[PDB]
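This report concerns only the one structure given below.
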Amino acid sequence: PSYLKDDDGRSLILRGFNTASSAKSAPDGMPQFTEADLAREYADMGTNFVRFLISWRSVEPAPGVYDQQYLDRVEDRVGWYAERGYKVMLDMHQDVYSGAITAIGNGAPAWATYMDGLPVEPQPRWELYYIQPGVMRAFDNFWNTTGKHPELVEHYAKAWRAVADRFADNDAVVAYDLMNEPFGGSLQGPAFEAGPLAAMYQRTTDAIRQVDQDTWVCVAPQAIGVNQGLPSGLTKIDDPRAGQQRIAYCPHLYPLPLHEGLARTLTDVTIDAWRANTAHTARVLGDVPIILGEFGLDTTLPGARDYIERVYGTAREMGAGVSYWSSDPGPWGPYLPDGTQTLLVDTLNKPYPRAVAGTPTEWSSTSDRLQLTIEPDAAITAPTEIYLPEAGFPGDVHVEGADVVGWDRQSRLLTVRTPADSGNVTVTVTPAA
Ligand code: NA
Ligand code: NA
């Protein structure tokens, strides 16, 4: 597998949350999430990544007019993450196109929503709004399948350029996720993914690269079908940056059965199919890094822990980053509304390598042990950086295979140094006696 890298050339293993669904309908575009909430997250789970929801409607409230005060608010939040050593992926988020479809949808500004008078009647599940005539038309207009709105993708690309212009020099931002769960309307499958979807990604990448040459551009397949383990027809996106391509692949995982009986078997084979397809499309895109941009479930469902642990194990084997859906309060999230921890906290709170001085070829961890094998890179001078939870590591560390450079018992960051001229190096970290 391939990895995103920090400025020191270290390979990044990304672990965090989507923050947050509450942003979707917030008048000011911000999630109901405070700096104290982030402090709690970090203290409880030692996460190092966030998929932070932004919105086109907040970026471009009128055609060609960008809201710099909104971008100030996003920058403020990114600062909270920066102060705690997080890396940030900005997600241009939508579901069901726009709030203006009837609230139910979110994403596009009202001026960019053309339903052409076609109906959007109430449905028993939110996902079924996607196939209502007015919503299908709004998407068909956006992709210019109707031929009536070529301007919409151009506006979208330039809205992304405005965001990239603000964040190009932001050391905490590592990725731009160009579109949440792309939906093709009357176009579905390769006709959509290799057609207007890929075309929008190319135009948007090109626009972004006018102002930001180094942030990873992350592209998703269409969500319907592919979320459930079907193949993607997405095609390769060109990166005009000088030097190596910085495109990454950011699919989601939402097995149909969602964890017991035949449902468990179906979910397990879905993971297998999803893995094979994800690996294939990551190759098509140029042997690119993978970020599992969303997965999640009601943690109060029997079998939830086993599912979660299998997904993280799979991500680890694939060298994938993970942003769990989501940090929002409730049974899916790490905390219930009153602040009580769910199953997720103890499940996610395990040792992991955050930034590796070389390619991690394999690793494992339990509550009181981490082992990591590194393919060396002599060019990297920064140490390997590892998270160790206090539960299992209440005092000092015992490290075999590396020299301890620092052990910060407050931030929970262990830094170690390994030789680069002795082949692959295995580092094992356990609690001091
Ligand atoms: Na409109
Ligand atoms: Na950056």
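Every chain in the structure tokens takes a letter, A first, then B, and so on in the order presented; its residues are numbered from 1, and the ligands are numbered from 1 following the presented order.
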Contact table chain A vs ligand 2, cut-off 9 Å, shortest pair per residue, only C-alpha atoms and all ligand atoms, as a tab-separated table:
residue	atom	partner	partner_atom_place_in_ligand_line	distance
A:6	CA	ligand 2	1 (Na)	8.8
A:7	CA	ligand 2	1 (Na)	8.8
A:87	CA	ligand 2	1 (Na)	8.5
A:88	CA	ligand 2	1 (Na)	8.5
A:167	CA	ligand 2	1 (Na)	6.7
A:168	CA	ligand 2	1 (Na)	5.7
A:169	CA	ligand 2	1 (Na)	5.7
A:170	CA	ligand 2	1 (Na)	4.5
A:171	CA	ligand 2	1 (Na)	4.2
A:172	CA	ligand 2	1 (Na)	5.5
A:173	CA	ligand 2	1 (Na)	4.1
A:174	CA	ligand 2	1 (Na)	4.8
A:175	CA	ligand 2	1 (Na)	7.6
A:212	CA	ligand 2	1 (Na)	8.7
A:214	CA	ligand 2	1 (Na)	7.0
A:215	CA	ligand 2	1 (Na)	5.6
A:216	CA	ligand 2	1 (Na)	8.7
Checklist line | ligand 1 neighbours within 10 Å using only C-alpha atoms and all ligand atoms, as number ranges by chain | finding: A: 98, 100-101, 108-117, 138
Once you count only C-alpha atoms, what closest atom pair and distance in Å to one decimal does each residue of stretch 97-119 of chain A within 9 Å of stretch 17-28 of chain A have, with rows by chain and rising residue number, as CSV?
residue,atom,partner,partner_atom,distance
A:99,CA,A:25,CA,7.7
A:103,CA,A:25,CA,6.5
A:105,CA,A:24,CA,8.4
A:106,CA,A:24,CA,5.7
A:107,CA,A:24,CA,7.2
With N, CA, C and O atoms retained, could you export that selection as a PDB file, in the first residue's frame?
ATOM      1  N   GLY A  99     -30.183  21.539   0.855  1.00  0.00           N
ATOM      2  CA  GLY A  99     -31.316  21.859   1.724  1.00  0.00           C
ATOM      3  C   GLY A  99     -32.535  22.351   0.953  1.00  0.00           C
ATOM      4  O   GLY A  99     -33.672  22.165   1.396  1.00  0.00           O
ATOM      5  N   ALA A 103     -32.454  20.765   5.889  1.00  0.00           N
ATOM      6  CA  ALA A 103     -33.697  20.121   6.311  1.00  0.00           C
ATOM      7  C   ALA A 103     -33.666  18.616   6.028  1.00  0.00           C
ATOM      8  O   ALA A 103     -33.480  17.813   6.946  1.00  0.00           O
ATOM      9  N   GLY A 105     -32.158  17.509   2.628  1.00  0.00           N
ATOM     10  CA  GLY A 105     -30.880  17.538   1.944  1.00  0.00           C
ATOM     11  C   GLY A 105     -29.927  18.552   2.551  1.00  0.00           C
ATOM     12  O   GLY A 105     -30.295  19.329   3.437  1.00  0.00           O
ATOM     13  N   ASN A 106     -28.693  18.529   2.064  1.00  0.00           N
ATOM     14  CA  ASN A 106     -27.683  19.507   2.444  1.00  0.00           C
ATOM     15  C   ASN A 106     -26.605  19.561   1.371  1.00  0.00           C
ATOM     16  O   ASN A 106     -26.383  18.569   0.666  1.00  0.00           O
ATOM     17  N   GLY A 107     -25.962  20.718   1.223  1.00  0.00           N
ATOM     18  CA  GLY A 107     -24.796  20.843   0.354  1.00  0.00           C
ATOM     19  C   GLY A 107     -24.777  22.069  -0.539  1.00  0.00           C
ATOM     20  O   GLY A 107     -24.141  23.078  -0.221  1.00  0.00           O
TER      21      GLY A 107
END
Margin query: Restricting the calculation to only C-alpha atoms: of A:145, A:202, A:68, A:349, which residue gets closest to residue A:16?
Written below: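 Counting only C-alpha atoms, the residue closest to residue A:16 is A:349.
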Next item on the list: Write out as an MDAnalysis selection string each polymer residue whose atoms come within 8 Å of residue A:12, counting only C-alpha atoms; drop sequence neighbours fewer than 2 positions from it.
Entry: chainID A and resid 3:6 10 14 354:356
Check: Could you write out, as a ChimeraX atom specification, all the residues of stretch 11-150 of chain A that DSSP marks as helix (DSSP H, G or I)?
Finding: /A:21-23,35-45,56-59,68-83,99-101,110-112,126-131,133-142
Checklist line | Contact residues around stretch 374-386 of chain A with only C-alpha atoms at 9 Å, ignoring same-chain residues under 3 positions, as an MDAnalysis selection string | finding: chainID A and resid 8:10 351:363 405 412:427
Would you put the residues from that selection into a file with C-alpha atoms, as a PDB file, in the first residue's frame?
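Output file out_3.pdb is given in full below:
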ATOM      1  CA  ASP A   8       9.123  15.275   7.032  1.00  0.00           C
ATOM      2  CA  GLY A   9       8.390  12.460   4.544  1.00  0.00           C
ATOM      3  CA  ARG A  10       6.858  10.182   7.208  1.00  0.00           C
ATOM      4  CA  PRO A 351      -1.870   1.969  20.353  1.00  0.00           C
ATOM      5  CA  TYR A 352      -1.040   2.854  16.758  1.00  0.00           C
ATOM      6  CA  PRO A 353       1.792   4.364  14.727  1.00  0.00           C
ATOM      7  CA  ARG A 354       0.833   7.920  13.716  1.00  0.00           C
ATOM      8  CA  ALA A 355       3.742   8.928  11.468  1.00  0.00           C
ATOM      9  CA  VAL A 356       6.322   6.357  10.407  1.00  0.00           C
ATOM     10  CA  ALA A 357       9.910   7.048   9.324  1.00  0.00           C
ATOM     11  CA  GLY A 358       9.526   4.698   6.360  1.00  0.00           C
ATOM     12  CA  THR A 359       6.818   2.453   4.971  1.00  0.00           C
ATOM     13  CA  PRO A 360       5.046   0.395   7.603  1.00  0.00           C
ATOM     14  CA  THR A 361       4.939  -3.126   6.139  1.00  0.00           C
ATOM     15  CA  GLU A 362       2.908  -4.586   8.992  1.00  0.00           C
ATOM     16  CA  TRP A 363       1.843  -3.756  12.514  1.00  0.00           C
ATOM     17  CA  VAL A 405      13.905   9.683  21.409  1.00  0.00           C
ATOM     18  CA  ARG A 412       0.750  10.164  24.808  1.00  0.00           C
ATOM     19  CA  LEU A 413       3.309  10.403  21.974  1.00  0.00           C
ATOM     20  CA  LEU A 414       6.315   8.092  21.857  1.00  0.00           C
ATOM     21  CA  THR A 415       9.057   9.001  19.392  1.00  0.00           C
ATOM     22  CA  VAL A 416      11.651   6.430  18.341  1.00  0.00           C
ATOM     23  CA  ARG A 417      14.617   6.181  15.984  1.00  0.00           C
ATOM     24  CA  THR A 418      15.522   3.184  13.824  1.00  0.00           C
ATOM     25  CA  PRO A 419      18.500   2.494  11.538  1.00  0.00           C
ATOM     26  CA  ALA A 420      18.033   2.935   7.772  1.00  0.00           C
ATOM     27  CA  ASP A 421      20.916   0.700   6.581  1.00  0.00           C
ATOM     28  CA  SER A 422      19.977  -2.648   8.196  1.00  0.00           C
ATOM     29  CA  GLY A 423      16.926  -3.758   6.167  1.00  0.00           C
ATOM     30  CA  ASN A 424      13.375  -3.838   7.550  1.00  0.00           C
ATOM     31  CA  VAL A 425      13.287  -3.035  11.269  1.00  0.00           C
ATOM     32  CA  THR A 426      10.787  -4.430  13.776  1.00  0.00           C
ATOM     33  CA  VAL A 427       9.975  -2.241  16.796  1.00  0.00           C
TER      34      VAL A 427
END
Next item on the list: Please indicate the distance in Å from atom CA of residue A:307 to atom CA of residue A:251, rounded to one decimal place.
Entry: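 Answer for the atom CA of residue A:307 to atom CA of residue A:251 separation: 17.7 Å.
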Check: Out of stretch 116-228 of chain A, which residues get strand (DSSP E or B) from DSSP, as a PyMOL selection string?
Finding: chain A and resi 173-177+216-219
Next item on the list: Could you give me, as a ChimeraX atom specification, the residues within 8 Å of residue A:156, counting only C-alpha atoms and dropping anything in the same chain fewer than 4 positions from it?
Entry: /A:56,152,160,204
Notebook entry, point to check: For residue A:140, which residue among A:73, A:299, A:184, A:95 is the nearest when counting only C-alpha atoms?
Noted result: A:184
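With atom CA of residue A:229 on one side and atom CA of residue A:193 on the other, the separation reads 15.7 Å.
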Item checked: Who sits within 12 Å of residue A:144, only C-alpha atoms, same chain under 2 positions skipped, as a PyMOL selection string -> chain A and resi 112+114+136-142+146-154+184-187+192+195-197+199-200
Same residues, N, CA, C and O atoms, saved as a CSV table (one decimal), in the first residue's frame:
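Once everything was written out, this is result-v1.csv:
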chain,number,residue,atom,x,y,z
A,112,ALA,N,-28.0,27.2,-6.9
A,112,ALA,CA,-27.4,26.1,-7.7
A,112,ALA,C,-28.4,24.9,-7.8
A,112,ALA,O,-28.0,23.8,-8.4
A,114,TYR,N,-31.7,23.3,-9.2
A,114,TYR,CA,-32.7,23.5,-10.3
A,114,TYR,C,-33.5,22.2,-10.4
A,114,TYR,O,-33.2,21.2,-11.1
A,136,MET,N,-33.7,14.0,-8.6
A,136,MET,CA,-33.0,13.5,-9.8
A,136,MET,C,-32.8,14.6,-10.8
A,136,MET,O,-31.7,14.6,-11.5
A,137,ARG,N,-33.7,15.6,-11.0
A,137,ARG,CA,-33.6,16.7,-11.9
A,137,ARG,C,-32.5,17.6,-11.4
A,137,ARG,O,-31.6,18.1,-12.2
A,138,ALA,N,-32.4,17.9,-10.1
A,138,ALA,CA,-31.4,18.8,-9.5
A,138,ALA,C,-30.0,18.2,-9.8
A,138,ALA,O,-29.1,18.9,-10.2
A,139,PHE,N,-29.8,16.9,-9.7
A,139,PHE,CA,-28.6,16.3,-10.0
A,139,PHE,C,-28.3,16.3,-11.5
A,139,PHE,O,-27.2,16.6,-11.9
A,140,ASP,N,-29.3,16.0,-12.3
A,140,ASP,CA,-29.2,15.9,-13.8
A,140,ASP,C,-28.8,17.3,-14.3
A,140,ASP,O,-28.0,17.4,-15.2
A,141,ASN,N,-29.3,18.4,-13.7
A,141,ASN,CA,-28.9,19.7,-14.0
A,141,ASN,C,-27.4,20.0,-13.6
A,141,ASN,O,-26.6,20.5,-14.4
A,142,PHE,N,-27.1,19.6,-12.4
A,142,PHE,CA,-25.7,19.8,-11.9
A,142,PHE,C,-24.7,19.2,-12.8
A,142,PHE,O,-23.7,19.8,-13.1
A,146,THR,N,-28.9,17.3,-18.5
A,146,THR,CA,-30.0,18.0,-19.2
A,146,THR,C,-29.5,19.0,-20.3
A,146,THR,O,-30.3,19.4,-21.1
A,147,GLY,N,-28.2,19.3,-20.3
A,147,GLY,CA,-27.6,20.3,-21.2
A,147,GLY,C,-27.9,21.8,-20.9
A,147,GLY,O,-27.4,22.7,-21.6
A,148,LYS,N,-28.6,22.0,-19.8
A,148,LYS,CA,-29.1,23.3,-19.4
A,148,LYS,C,-28.3,24.1,-18.5
A,148,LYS,O,-28.5,25.3,-18.3
A,149,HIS,N,-27.3,23.4,-17.8
A,149,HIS,CA,-26.5,24.1,-16.8
A,149,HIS,C,-25.0,23.7,-16.8
A,149,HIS,O,-24.5,23.2,-15.8
A,150,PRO,N,-24.3,24.0,-17.9
A,150,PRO,CA,-22.9,23.8,-17.9
A,150,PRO,C,-22.1,24.5,-16.9
A,150,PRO,O,-21.0,24.1,-16.5
A,151,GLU,N,-22.6,25.6,-16.4
A,151,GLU,CA,-22.0,26.5,-15.4
A,151,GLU,C,-21.8,25.9,-14.1
A,151,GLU,O,-20.8,26.2,-13.3
A,152,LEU,N,-22.6,24.9,-13.7
A,152,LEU,CA,-22.6,24.4,-12.3
A,152,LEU,C,-21.4,23.7,-11.9
A,152,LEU,O,-20.8,24.0,-10.8
A,153,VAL,N,-20.8,22.8,-12.7
A,153,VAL,CA,-19.6,22.2,-12.3
A,153,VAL,C,-18.4,23.2,-12.3
A,153,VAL,O,-17.5,23.1,-11.5
A,154,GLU,N,-18.5,24.2,-13.2
A,154,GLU,CA,-17.4,25.2,-13.3
A,154,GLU,C,-17.4,26.0,-12.0
A,154,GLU,O,-16.4,26.3,-11.4
A,184,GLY,N,-25.4,10.2,-9.2
A,184,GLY,CA,-25.5,10.5,-10.7
A,184,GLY,C,-26.8,10.9,-11.2
A,184,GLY,O,-27.0,11.2,-12.4
A,185,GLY,N,-27.9,10.8,-10.4
A,185,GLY,CA,-29.3,11.1,-10.9
A,185,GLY,C,-29.6,10.0,-11.9
A,185,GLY,O,-29.6,8.8,-11.6
A,186,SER,N,-30.0,10.4,-13.1
A,186,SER,CA,-30.4,9.5,-14.1
A,186,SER,C,-29.2,8.7,-14.7
A,186,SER,O,-29.4,7.7,-15.5
A,187,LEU,N,-28.0,9.1,-14.4
A,187,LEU,CA,-26.8,8.4,-14.8
A,187,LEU,C,-26.3,7.6,-13.6
A,187,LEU,O,-26.2,8.1,-12.5
A,192,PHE,N,-21.8,7.2,-15.4
A,192,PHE,CA,-21.7,8.3,-14.5
A,192,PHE,C,-20.2,8.5,-14.0
A,192,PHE,O,-19.7,9.6,-14.2
A,195,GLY,N,-17.8,9.3,-16.7
A,195,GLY,CA,-18.2,10.4,-17.5
A,195,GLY,C,-18.2,11.7,-16.7
A,195,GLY,O,-17.0,12.1,-16.4
A,196,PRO,N,-19.3,12.3,-16.3
A,196,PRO,CA,-19.3,13.6,-15.6
A,196,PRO,C,-18.6,13.6,-14.3
A,196,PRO,O,-18.0,14.6,-13.9
A,197,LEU,N,-18.6,12.5,-13.6
A,197,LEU,CA,-18.0,12.5,-12.2
A,197,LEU,C,-16.5,12.7,-12.4
A,197,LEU,O,-15.9,13.6,-11.8
A,199,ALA,N,-14.9,13.8,-15.0
A,199,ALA,CA,-14.7,15.1,-15.6
A,199,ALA,C,-14.7,16.3,-14.5
A,199,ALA,O,-13.9,17.2,-14.6
A,200,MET,N,-15.7,16.2,-13.6
A,200,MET,CA,-15.7,17.2,-12.5
A,200,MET,C,-14.5,17.1,-11.6
A,200,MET,O,-13.9,18.1,-11.3
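Between residue A:350 and the candidates A:45, A:407, A:64, A:40, the tightest atom-to-atom separation, counting only C-alpha atoms, involves A:45.
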Margin query: Between atom CA of residue A:270 and atom CA of residue A:347, what distance in Å does the model show, to one decimal?
Written below: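 A separation of 21.5 Å between them.
Among the candidates A:161, A:57, A:259, A:246, the one nearest to residue A:211 when counting only C-alpha atoms is A:161.
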